[PDB]
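# Structure at a glance
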There are 2 protein chains.
Amino acid sequence: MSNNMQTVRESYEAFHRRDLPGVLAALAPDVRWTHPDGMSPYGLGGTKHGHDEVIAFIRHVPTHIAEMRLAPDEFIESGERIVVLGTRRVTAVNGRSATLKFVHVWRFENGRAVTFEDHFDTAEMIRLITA
Amino acid sequence: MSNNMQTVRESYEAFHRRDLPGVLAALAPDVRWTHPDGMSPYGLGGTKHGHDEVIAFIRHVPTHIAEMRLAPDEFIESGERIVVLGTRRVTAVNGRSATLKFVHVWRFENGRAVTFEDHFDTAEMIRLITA
């Protein structure tokens, strides 16, 4: 296993522990960390630049999402790029839950992620978290 | 370049030609060809099974989308999986246009795709194609 693959796999372990430093450990200081623009009405869209902006996003997630458990199924590595596909179990602050899909794109430089992006069905995420 | 990579790259060439047989050439007879569930109100969601169901979907696209030009930027291959990321320029039947993102996941068996899936921001696609 490549060091980058270990780093990706370890970031998912950090996430399930609610270990913010462990999640940041994979990311370059100049990271561009992106979520879909369709999530902007919830404050959960766009590109966060650097650790402080990533932390601010993470601290905002509980406003709408009470719990999220990732279940990665597939890790696809080529060069310094790793794509992870899976499902996630999400419980909204409104009390509803659903299983949704995700695709995460990671691009490394020197073993830290310079970009990260989450691609998913935003209409379905919004259907879950809205009133 | 692997044969699967050539097949993927050739399917995008077929798409830009509006060559339906060329697009089907990459797909296994038992293909499971999937779009986001959030697109179901437009008849453009879910999993199509086999060439006939894929053809039916393709023939329905012009109901909502007048033009689509794909601009793949990234091809990430590992084993029999290929992930393509890019942007696409879309013009709706309503006359509006926008540039959107896509992620395509291809999984091959014997050089034909047994699964294909398009992951994208459905809220933004719907914003484009709705009245």
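What counts, and where the lines are drawn
Residues numbered from 1 in each chain as written, not as in the entry; some residues may be left out. Chains lettered and ligands numbered in written order. Heavy atoms only, no water. Residues with missing side-chain atoms left out of burial classes, pairs and counts. UniProt positions renumbered as here; feature names shortened; annotations may be inferred. Helix = DSSP H or I, 4+ residues; strand = E, 2+ residues; numbered from the N terminus. Least-squares fit on C-alpha atoms. Contact = heavy atoms within 4.5 Å. Pairing = 2+ DSSP bridges. Axes fitted to C-alpha atoms, helices over the stretch in contact; angles between N-to-C directions.

Mapped onto this numbering, the UniProt entry annotates "domain: SnoaL-like" (unreviewed entry) at residues 8-114 of chain A. With 23% helix and 51% strand, the stretch residues 8-114 of chain A has end C-alpha atoms that lie 13 Å from each other.

This part is about the relation of the copies chain B and chain A. Turning one copy of the chain about an axis and sliding it along that axis gives the other copy, so a rotation and a shift relate them. Mapping chain B onto chain A leaves a residual RMSD of 0.0 Å; the transformation is a rotation of 180° accompanied by 0.0 Å of translation along its axis. Given the turn and translation reported, the copies of this chain are related as if by a two-fold rotation axis. For chain B, the residue whose C-alpha comes nearest the rotation axis is B:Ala123, separated from it by 2.4 Å. Most of the interface of chain B is mirrored in chain A, where 100% of its interface residues again form contacts.

Tracing the backbone through its elements, the reader meets A:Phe116 in strand β6 (residues 112-119). When the C-alpha atoms of A:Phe116 and A:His35 are compared, they prove to be 8.7 Å apart, with 81 residues separating the residues in sequence.

A few words on the sheet that holds strand β2 (residues 46-49) of chain B. Residue and element names in this part refer to chain B. The 6 strands are arranged β2-β1-β6-β5-β4-β3 in an open sheet whose pairing can be described as mixed. Of all the strands in the sheet, the pair left with one neighbour each is β2 and β3 (65-78). Each strand of the sheet is rotated relative to its neighbour by a mean of 20°, with strand direction disregarded. Sheet topology places strand β5 (residues 97-109) next to strand β6 (residues 112-119); 7 bridges connect them, and they run antiparallel. Bridging across to β6, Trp106 finds its partner in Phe116. Docked against the sheet, helix α1 (residues 3-16) engages β3, β4 (81-92) and β5, running at close to 170° with respect to β3.

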